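Peer 1: Handing you this structure, nothing more for now.
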Amino acid sequence: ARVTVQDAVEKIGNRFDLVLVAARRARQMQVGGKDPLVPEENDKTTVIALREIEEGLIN
Amino acid sequence: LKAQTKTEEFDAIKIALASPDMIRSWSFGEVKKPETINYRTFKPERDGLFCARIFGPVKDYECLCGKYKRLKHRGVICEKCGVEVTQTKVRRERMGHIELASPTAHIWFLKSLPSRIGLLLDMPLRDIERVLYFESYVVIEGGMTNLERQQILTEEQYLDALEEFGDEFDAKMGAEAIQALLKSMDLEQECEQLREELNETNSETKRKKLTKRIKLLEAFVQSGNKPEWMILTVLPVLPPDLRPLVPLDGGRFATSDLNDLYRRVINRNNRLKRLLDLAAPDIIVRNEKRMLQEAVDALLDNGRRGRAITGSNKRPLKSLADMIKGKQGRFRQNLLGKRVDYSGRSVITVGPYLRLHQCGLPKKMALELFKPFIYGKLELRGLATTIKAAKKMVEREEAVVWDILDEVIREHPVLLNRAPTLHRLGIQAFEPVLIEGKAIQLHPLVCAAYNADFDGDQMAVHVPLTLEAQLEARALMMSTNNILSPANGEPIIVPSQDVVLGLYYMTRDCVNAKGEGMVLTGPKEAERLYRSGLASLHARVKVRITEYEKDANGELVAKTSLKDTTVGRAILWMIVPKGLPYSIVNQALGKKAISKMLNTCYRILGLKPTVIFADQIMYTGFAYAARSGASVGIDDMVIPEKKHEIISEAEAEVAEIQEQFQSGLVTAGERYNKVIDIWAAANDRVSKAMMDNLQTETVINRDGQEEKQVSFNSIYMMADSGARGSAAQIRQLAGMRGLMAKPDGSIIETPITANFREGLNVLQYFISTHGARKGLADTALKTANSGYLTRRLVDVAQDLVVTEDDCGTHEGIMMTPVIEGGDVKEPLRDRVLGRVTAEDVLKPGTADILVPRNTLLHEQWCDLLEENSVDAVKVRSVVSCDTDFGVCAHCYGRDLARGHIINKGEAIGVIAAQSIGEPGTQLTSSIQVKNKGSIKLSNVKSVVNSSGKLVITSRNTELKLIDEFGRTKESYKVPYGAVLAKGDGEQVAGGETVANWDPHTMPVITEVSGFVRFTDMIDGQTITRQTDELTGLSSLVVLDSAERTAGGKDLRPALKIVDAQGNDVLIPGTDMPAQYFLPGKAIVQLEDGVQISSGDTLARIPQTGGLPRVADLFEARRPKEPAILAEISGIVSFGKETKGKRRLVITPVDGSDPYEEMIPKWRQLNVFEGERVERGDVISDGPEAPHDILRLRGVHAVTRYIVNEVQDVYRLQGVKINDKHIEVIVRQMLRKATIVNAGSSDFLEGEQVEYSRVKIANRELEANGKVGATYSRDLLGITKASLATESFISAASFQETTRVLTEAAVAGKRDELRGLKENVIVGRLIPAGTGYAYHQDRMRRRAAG
Amino acid sequence: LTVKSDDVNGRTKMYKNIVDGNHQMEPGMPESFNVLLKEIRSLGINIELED
């Protein structure tokens, strides 16, 4: 279950550079440039890039 | 990353003087005719403001002549009249030109009080005025004739100047002439001469001019803008798509009459060029100079000459000034700019079931707000025919689009906000939930954060459209993340009250318990016992709580344990996450208990547990609140027959005291306070009854006949949980209210006799009406001033950004527990909470570092600094930060909503502002200690006298209470001369007088023992014989030296202290002659030859704190009677009497001896001329000047002094806010400094401290040894700091934009868009926050790469 | 308060943009802002943007 992003701030600590990274990955996901690799569950793309932050393969 | 080769973005931005050649770079055609129509057919005039050759395309890719229409045409022109077939959108970017001829001067910069042209030419503005209105022939390129360069000449006299000077001379009039002078203004030749006069003239009437003149001249060197460009040659034409043409439907013009203005500008333009062709006389072509000049004026602000009306109409010509100076500069940024889309201003409602991460939004509202996304979805997928049919689907409310509505909302977060919100904690985010209704629901407990009750809080819930904002919502703006206040590291939301009484009823003890003794192995079957109904929720059950503790490296260790707990607490475990131990939840649970309860779950287990835990709590809080049952009882509000008894006494008593008045013993006033007196005691006695009644009276049977428990009386439950029922509110319903304030503000001797729960009358009521109406008035005003306070606050801090993390300095300040009066007011820990130790701090054990230099002091380290005996800790301050133009993460710390290292991009400036102005709405005898310690005398010479007692010879006297523990506890400020019972190292009892003085007499005492001889003291000319018929004690009272005689005024009476022989005694401690110069009205107590003791009383000398006061601190308002600071360590003597003052001659010991101060004897001085006062010693009394505390005592001294004081104001408010913010504001007020050393810039320039910081930086290094100017810190007020703004983008906002026009326009101040405010009016990412790395790439792409 | 609900053409450029669904934009000099440049360009202090 997701409700807090304590985990996310731990990885990319500036709390705003987080916004930068995830946002752009979300748009590559939008455009069929790619597709999600870490299984999504209806999450909008901003949230999906955040999963790639907690898994740590993308930052 | 490398600087990208392709054009991704653009960069930093500047302003300065360029070239008309640059205007030729934007040149697309020249406007010839002012006519926009044919007067016949209303068709658009070519070669006019709406030309096709110049401008062009009206239709997408269009040749206006009517040859190329199709959008295939790109760039191909109408060869006859060049119409490049392009975007009519690009016709909003079409700039033209019109060759002038009439030199356009700057009458704006002339009539400008800040006389730009005036002190630019070093010519009096009045005479320069004579020149431009063309009535004075100014001399240009002159010098060694009869006249100089700075001089005029009237018409006929210049005619004589021709008959006298037909050669080697020329003087023409106006801007024409002035352009000649700008053409010859040689900066550096004047520069030499300026610094020449810098060493020659030594008057401020001459050298102040000097310092800014040289400044402004090298400022042009600084920007390479020559004064030549002040004469307009080629005029820029605004794009047609920018001065809209829309005739009024019928035959009139509803157009922007700016066209009707440029119309005249173009008329007169061609006119003077025609007066070049035909060569008309000078006086009239220069008359046209003035004519084209007003054209310029009429466009702007009609100049400032008078607003000439329009064609036969009561209507000044139109003003683009009233287009660039309205409010906050322009009208987006002004009040009323925009009105948010993708939002909804709607009323609110509870919704007790909403998860902590979600809010409720109405279905109808939903449709209206997400349609574009709904259509974006309906055609990106393609479930709708067309977007028009899509509109028709929502037109029919078709179920299909509501499912697409589910696609645009179910994980699309929203932001929320209220109108009255002044704090940042009032802007949060949640996730939407589709509720069928009309009101925005919410999670109950968050309302307290917005400080929003249910009285009409209409919220505008915003929608984060972009990917960025959506994540930013769920990021920093998520409710579940800002569970801490940026003011203090405590959980911002405390369980309200409904929730707490529910759990007060959960973890609870009652003597009659069903199942009181059984045992369980699982909190889950506990559920099956009470939620079923077979057991009570209070039975004392022995259960095995196999609690857990993350004592491992992240693993919750398994530890078995059984507790004598109550049924509800077992069920409370079903709530409490394993990581959190059962010990903390084996408590009755109060509002404050449950407060720190959630906080511990955070510091220990984490945030995630705590968040979903508080979530659990919310549901079960209200859950068992229902299961509670017991709510209110009339049978509980019983009045003791003791109340009626004490009122009977309270009657008879004052009835007798009123008879004492009819007897004359007590006075009206003494009986006034006396009534107060006994009713106070009477009320406390009734209190001693109603409170114990409501504490032990519930006595239910259990293992006997009866046995007590804490009153189950509901009102007491609110007095135990401490939710919304306090001992005073209780005393105000079931007891006598007490004494009330009168309409005057003082106190009426008589209280509200009975109780409100029963009965009073309207007179009692009027007393009470005062108080009620009182609170009301307060809210009604405080609110408005708070926003205005934070207004000036942002007006001073906005651009302060943390830009580094570590600087390179050990320097910090001293954090100390402000132990004043009794025990400490504000301890050590809370000031250190969230900072970093300055240096390697030692323990009381020397050279044993308990905390290395660079270490972040958080929870554990704060606990650490509380265990050690260390009491004074030097911590790195935000004002001592080595980082210029910002602060380092270290000097700041970590405390905010977060608890981590402050970021590079986090602008502390603005958040400091709001959090200091957040509590703005809120702002409005002997010494016998009752504790046990020991007197530790500090900074005082105490001497033993007869009877082995002890006395004090100074006013500087702190009384310490070193306990058996050791910690200094109580601290009393003892007056001049007192009776001490202890010395340094003798223990105090519980209720013992340790210092006993007289509040109505200030005794001056001797330190030695010996005979007193009156010297230079005569009865009738210095002293007087006041041996009354009432007294018997012989004494010569020293009168003041203004009541004396002629030859009497010239002296200061001397009390000689001789020994047992008759010789001047030298003082043991100080080599001083014993000749006490006595002041006035000092009634001595002896005759001649009276041997004094060593510490005996010689003579007798009979004798807002809120918002406005804090406003005083921050406006740096100089108080009325300042306690003048002694500017030097040195012995002092006196001088001169009545004339106007009383001189104070101070004689420094090792410093500059000419330090003396003229002080009015009209003011009360207390300086002992036998005492060598220090540089930081009050000479007189009353509020002191922080300015001198700033310089005479030190910046770090004053920064620490004021933060103490203002924090004490927050102590009257009980609010705890970390001084980090208040100290960055202090740094702000000291960002300018009056230079002392000459050489580089000035000898007194109030200039930016960090600016001069980099000056001296590369001054002790490159090119020089030392020649640079050195400053003395100058402190300012915030409304003057807001007035001292450099960047025009922020200045033009609140200061007069026209002021700002001049202010930076002539200097061409190239401010590369380095500030936040700037970034926002251009609509671009600031170089901080999310625009940090953005502009990082941008900054190294600007002037670098 | 610039790009959105201020740039009369910028939000329609955003309307025509988000009715497709792709948040991606460029800086927003509020055009009247470019008139500020134009008014002082009419005076003599010609503001630019170098490099």
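Chain lettering (A, B, ...) mirrors the order of the structure tokens, residue numbering begins at 1 for each chain separately, and ligand numbering begins at 1 in order of display.
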Show me which bits of chain C are within 10 Å of chain A, counting only C-alpha atoms, as a PDB file with C-alpha atoms, in the first residue's frame.

Peer 2:
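Result file selection11.pdb:
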```pdb
ATOM      1  CA  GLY C  21      -2.790  15.219 -23.130  1.00  0.00           C
ATOM      2  CA  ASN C  22       0.928  16.023 -23.101  1.00  0.00           C
ATOM      3  CA  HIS C  23       2.239  18.425 -20.479  1.00  0.00           C
ATOM      4  CA  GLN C  24       5.317  19.977 -22.103  1.00  0.00           C
TER       5      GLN C  24
END
```

Peer 1: Pick out the chain C residues within 6 Å of chain B. Count only C-alpha atoms. Give them as a list in words.

Peer 2: residues 2, 5, 19, 20, 21, 23, 27, 28, 29, 42, 44, 45, 46 and 47 of chain C

Peer 1: Generate the output file for the selected residues, N, CA and C atoms, as a PDB file, in the first residue's frame.

Peer 2:
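Written output follows (selection35.pdb):
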```
ATOM      1  N   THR C   2       0.826  33.110 -14.800  1.00  0.00           N
ATOM      2  CA  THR C   2       1.544  33.651 -15.949  1.00  0.00           C
ATOM      3  C   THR C   2       1.167  32.757 -17.126  1.00  0.00           C
ATOM      4  N   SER C   5      -3.773  31.078 -17.190  1.00  0.00           N
ATOM      5  CA  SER C   5      -4.717  32.134 -16.840  1.00  0.00           C
ATOM      6  C   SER C   5      -4.176  33.561 -16.928  1.00  0.00           C
ATOM      7  N   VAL C  19      -5.834  18.965 -24.756  1.00  0.00           N
ATOM      8  CA  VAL C  19      -6.999  18.262 -25.278  1.00  0.00           C
ATOM      9  C   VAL C  19      -6.427  17.126 -26.122  1.00  0.00           C
ATOM     10  N   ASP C  20      -5.146  16.862 -25.874  1.00  0.00           N
ATOM     11  CA  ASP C  20      -4.380  15.802 -26.516  1.00  0.00           C
ATOM     12  C   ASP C  20      -3.748  15.048 -25.352  1.00  0.00           C
ATOM     13  N   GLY C  21      -3.367  15.807 -24.326  1.00  0.00           N
ATOM     14  CA  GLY C  21      -2.790  15.219 -23.130  1.00  0.00           C
ATOM     15  C   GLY C  21      -1.288  15.013 -23.097  1.00  0.00           C
ATOM     16  N   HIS C  23       1.689  17.278 -21.182  1.00  0.00           N
ATOM     17  CA  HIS C  23       2.239  18.425 -20.479  1.00  0.00           C
ATOM     18  C   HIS C  23       3.708  18.606 -20.852  1.00  0.00           C
ATOM     19  N   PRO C  27       9.082  28.715 -21.468  1.00  0.00           N
ATOM     20  CA  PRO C  27       8.998  29.937 -20.650  1.00  0.00           C
ATOM     21  C   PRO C  27       7.868  30.888 -21.042  1.00  0.00           C
ATOM     22  N   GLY C  28       7.456  31.761 -20.120  1.00  0.00           N
ATOM     23  CA  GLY C  28       6.343  32.632 -20.455  1.00  0.00           C
ATOM     24  C   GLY C  28       6.361  34.133 -20.276  1.00  0.00           C
ATOM     25  N   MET C  29       7.112  34.836 -21.117  1.00  0.00           N
ATOM     26  CA  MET C  29       7.142  36.290 -21.049  1.00  0.00           C
ATOM     27  C   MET C  29       5.711  36.703 -21.418  1.00  0.00           C
ATOM     28  N   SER C  42      11.250  52.660 -26.612  1.00  0.00           N
ATOM     29  CA  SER C  42      10.758  53.905 -27.191  1.00  0.00           C
ATOM     30  C   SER C  42      11.456  55.091 -26.539  1.00  0.00           C
ATOM     31  N   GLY C  44      14.913  54.926 -24.914  1.00  0.00           N
ATOM     32  CA  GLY C  44      16.313  54.928 -25.300  1.00  0.00           C
ATOM     33  C   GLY C  44      17.105  53.792 -24.678  1.00  0.00           C
ATOM     34  N   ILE C  45      16.650  53.318 -23.522  1.00  0.00           N
ATOM     35  CA  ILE C  45      17.311  52.222 -22.820  1.00  0.00           C
ATOM     36  C   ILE C  45      16.813  50.926 -23.451  1.00  0.00           C
ATOM     37  N   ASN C  46      17.451  50.534 -24.548  1.00  0.00           N
ATOM     38  CA  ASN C  46      17.049  49.340 -25.279  1.00  0.00           C
ATOM     39  C   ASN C  46      17.485  48.022 -24.657  1.00  0.00           C
ATOM     40  N   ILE C  47      16.591  47.437 -23.866  1.00  0.00           N
ATOM     41  CA  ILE C  47      16.858  46.160 -23.222  1.00  0.00           C
ATOM     42  C   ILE C  47      17.046  45.104 -24.304  1.00  0.00           C
TER      43      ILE C  47
END
```

Peer 1: For chain A, which residue out of B:646, B:1167, B:1002, B:475 is the nearest one, using only C-alpha atoms?

Peer 2: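 Between B:646, B:1167, B:1002, B:475, the residue approaching chain A most closely is B:475.
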
Peer 1: At a cut-off of 12 Å, using only C-alpha atoms, what residues contact segment 152-154 of chain B? Leave out same-chain residues fewer than 6 positions from it and give the result as an MDAnalysis selection string.

Peer 2: chainID B and resid 123:132 134:140 142 146 160:162 170:174 177:178

Peer 1: Would you save the residues of that selection, restricted to N, CA and C atoms, as an mmCIF file, in the first residue's frame?

Peer 2:
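Generated file (result16.cif):
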```cif
data_model
loop_
_atom_site.group_PDB
_atom_site.id
_atom_site.type_symbol
_atom_site.label_atom_id
_atom_site.label_comp_id
_atom_site.auth_asym_id
_atom_site.auth_seq_id
_atom_site.Cartn_x
_atom_site.Cartn_y
_atom_site.Cartn_z
ATOM 1 N N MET B 123 25.509 69.769 -13.405
ATOM 2 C CA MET B 123 24.944 71.065 -13.761
ATOM 3 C C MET B 123 23.610 71.162 -13.030
ATOM 4 N N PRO B 124 23.320 72.317 -12.409
ATOM 5 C CA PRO B 124 22.056 72.479 -11.685
ATOM 6 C C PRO B 124 20.827 72.189 -12.548
ATOM 7 N N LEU B 125 19.975 71.296 -12.050
ATOM 8 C CA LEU B 125 18.761 70.877 -12.745
ATOM 9 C C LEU B 125 17.858 72.040 -13.152
ATOM 10 N N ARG B 126 17.825 73.088 -12.335
ATOM 11 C CA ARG B 126 16.995 74.251 -12.631
ATOM 12 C C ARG B 126 17.433 74.910 -13.936
ATOM 13 N N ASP B 127 18.744 75.058 -14.111
ATOM 14 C CA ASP B 127 19.296 75.671 -15.314
ATOM 15 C C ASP B 127 19.202 74.718 -16.497
ATOM 16 N N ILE B 128 19.232 73.418 -16.216
ATOM 17 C CA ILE B 128 19.120 72.423 -17.274
ATOM 18 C C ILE B 128 17.682 72.457 -17.781
ATOM 19 N N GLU B 129 16.760 72.808 -16.889
ATOM 20 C CA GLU B 129 15.348 72.893 -17.238
ATOM 21 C C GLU B 129 15.175 74.045 -18.229
ATOM 22 N N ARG B 130 15.837 75.164 -17.945
ATOM 23 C CA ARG B 130 15.780 76.344 -18.806
ATOM 24 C C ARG B 130 16.228 76.008 -20.231
ATOM 25 N N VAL B 131 17.185 75.091 -20.324
ATOM 26 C CA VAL B 131 17.757 74.670 -21.599
ATOM 27 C C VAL B 131 16.827 73.843 -22.485
ATOM 28 N N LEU B 132 16.152 72.863 -21.888
ATOM 29 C CA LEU B 132 15.278 71.965 -22.641
ATOM 30 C C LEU B 132 13.916 72.498 -23.055
ATOM 31 N N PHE B 134 13.649 75.129 -24.253
ATOM 32 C CA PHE B 134 14.139 76.022 -25.290
ATOM 33 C C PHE B 134 13.933 77.507 -25.037
ATOM 34 N N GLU B 135 14.554 77.996 -23.969
ATOM 35 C CA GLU B 135 14.488 79.407 -23.613
ATOM 36 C C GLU B 135 15.843 79.823 -23.057
ATOM 37 N N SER B 136 16.831 78.948 -23.227
ATOM 38 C CA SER B 136 18.180 79.203 -22.742
ATOM 39 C C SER B 136 19.237 78.519 -23.607
ATOM 40 N N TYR B 137 20.145 79.314 -24.165
ATOM 41 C CA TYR B 137 21.224 78.787 -24.995
ATOM 42 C C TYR B 137 22.346 78.266 -24.104
ATOM 43 N N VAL B 138 22.457 76.946 -23.994
ATOM 44 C CA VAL B 138 23.502 76.342 -23.175
ATOM 45 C C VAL B 138 24.804 76.252 -23.971
ATOM 46 N N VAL B 139 25.926 76.431 -23.279
ATOM 47 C CA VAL B 139 27.237 76.381 -23.913
ATOM 48 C C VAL B 139 27.725 74.943 -24.053
ATOM 49 N N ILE B 140 28.031 74.543 -25.285
ATOM 50 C CA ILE B 140 28.509 73.188 -25.546
ATOM 51 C C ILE B 140 29.890 73.226 -26.191
ATOM 52 N N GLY B 142 32.536 74.177 -24.901
ATOM 53 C CA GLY B 142 33.156 75.444 -24.554
ATOM 54 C C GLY B 142 34.295 75.286 -23.568
ATOM 55 N N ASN B 146 34.518 83.360 -22.128
ATOM 56 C CA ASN B 146 34.040 84.071 -20.950
ATOM 57 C C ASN B 146 33.165 83.137 -20.116
ATOM 58 N N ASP B 160 24.669 88.842 -28.505
ATOM 59 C CA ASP B 160 25.787 89.692 -28.121
ATOM 60 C C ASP B 160 27.025 88.799 -28.073
ATOM 61 N N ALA B 161 26.804 87.525 -27.748
ATOM 62 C CA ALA B 161 27.882 86.539 -27.666
ATOM 63 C C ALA B 161 28.408 86.214 -29.056
ATOM 64 N N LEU B 162 27.720 86.732 -30.067
ATOM 65 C CA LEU B 162 28.107 86.535 -31.455
ATOM 66 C C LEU B 162 28.916 87.765 -31.845
ATOM 67 N N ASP B 170 30.594 78.207 -29.405
ATOM 68 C CA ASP B 170 29.283 77.743 -29.839
ATOM 69 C C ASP B 170 28.403 77.352 -28.661
ATOM 70 N N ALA B 171 27.178 77.856 -28.689
ATOM 71 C CA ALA B 171 26.203 77.569 -27.653
ATOM 72 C C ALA B 171 24.824 77.479 -28.290
ATOM 73 N N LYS B 172 24.335 76.253 -28.461
ATOM 74 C CA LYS B 172 23.009 76.027 -29.031
ATOM 75 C C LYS B 172 22.118 75.603 -27.866
ATOM 76 N N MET B 173 20.810 75.544 -28.082
ATOM 77 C CA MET B 173 19.897 75.198 -26.996
ATOM 78 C C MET B 173 19.140 73.883 -27.109
ATOM 79 N N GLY B 174 18.967 73.223 -25.964
ATOM 80 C CA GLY B 174 18.228 71.973 -25.917
ATOM 81 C C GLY B 174 18.980 70.653 -25.949
ATOM 82 N N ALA B 177 21.867 70.345 -28.285
ATOM 83 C CA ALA B 177 23.076 70.810 -27.624
ATOM 84 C C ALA B 177 23.571 69.810 -26.582
ATOM 85 N N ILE B 178 22.659 69.301 -25.759
ATOM 86 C CA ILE B 178 23.039 68.347 -24.722
ATOM 87 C C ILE B 178 23.606 67.053 -25.295
#
```

Peer 1: Write out as JSON, numbers by chain the residues lying within 9 Å of residue 17 of chain A, counting only C-alpha atoms and excluding same-chain residues fewer than 4 positions away.

Peer 2: {"A": [12, 13, 21, 22], "B": [1329, 1330, 1331, 1332, 1333]}

Peer 1: Print the selection's residues with C-alpha atoms to a file, as a JSON list (two decimals), in the first residue's frame.

Peer 2:
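Listing of selection02.json after writing:
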```json
[["chain", "number", "residue", "atom", "x", "y", "z"],
["A", 12, "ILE", "CA", 16.81, 11.60, -4.27],
["A", 13, "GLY", "CA", 17.05, 13.79, -1.16],
["A", 21, "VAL", "CA", 13.65, 12.81, -12.64],
["A", 22, "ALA", "CA", 10.34, 10.97, -12.25],
["B", 1329, "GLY", "CA", 14.00, 24.05, -6.03],
["B", 1330, "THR", "CA", 12.91, 22.09, -9.11],
["B", 1331, "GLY", "CA", 14.48, 24.76, -11.30],
["B", 1332, "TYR", "CA", 17.79, 24.26, -9.51],
["B", 1333, "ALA", "CA", 19.39, 21.66, -11.78]]
```

Peer 1: Residues of chain B no more than 10 Å from chain A, counting only C-alpha atoms: send them over as a PyMOL selection string.

Peer 2: chain B and resi 355-358+407-413+430-431+466-476+478-481+606-609+611-612+898+900-906+1328-1334

Peer 1: Give me, as a short mmCIF file (atom, residue, chain, number, x, y, z; two decimals) with C-alpha atoms, in the first residue's frame, all polymer residues having an atom no more than 12 Å from residue 645 of chain B, counting only C-alpha atoms and skipping those fewer than 3 positions away in the same chain.

Peer 2:
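Saved file part.cif follows:
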```cif
data_model
loop_
_atom_site.label_atom_id
_atom_site.label_comp_id
_atom_site.auth_asym_id
_atom_site.auth_seq_id
_atom_site.Cartn_x
_atom_site.Cartn_y
_atom_site.Cartn_z
CA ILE B 639 -23.01 22.08 43.84
CA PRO B 640 -21.49 21.35 47.27
CA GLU B 641 -23.29 22.88 50.25
CA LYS B 642 -19.81 24.23 50.95
CA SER B 648 -22.31 33.02 53.57
CA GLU B 649 -18.89 33.70 55.07
CA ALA B 650 -17.98 35.81 52.05
CA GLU B 651 -21.07 37.84 52.93
CA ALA B 652 -20.60 38.24 56.68
CA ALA B 682 -13.21 32.09 49.25
CA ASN B 683 -13.19 31.00 45.60
CA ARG B 685 -11.80 27.14 49.06
CA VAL B 686 -14.92 26.49 46.99
CA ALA B 689 -14.47 21.50 47.25
#
```
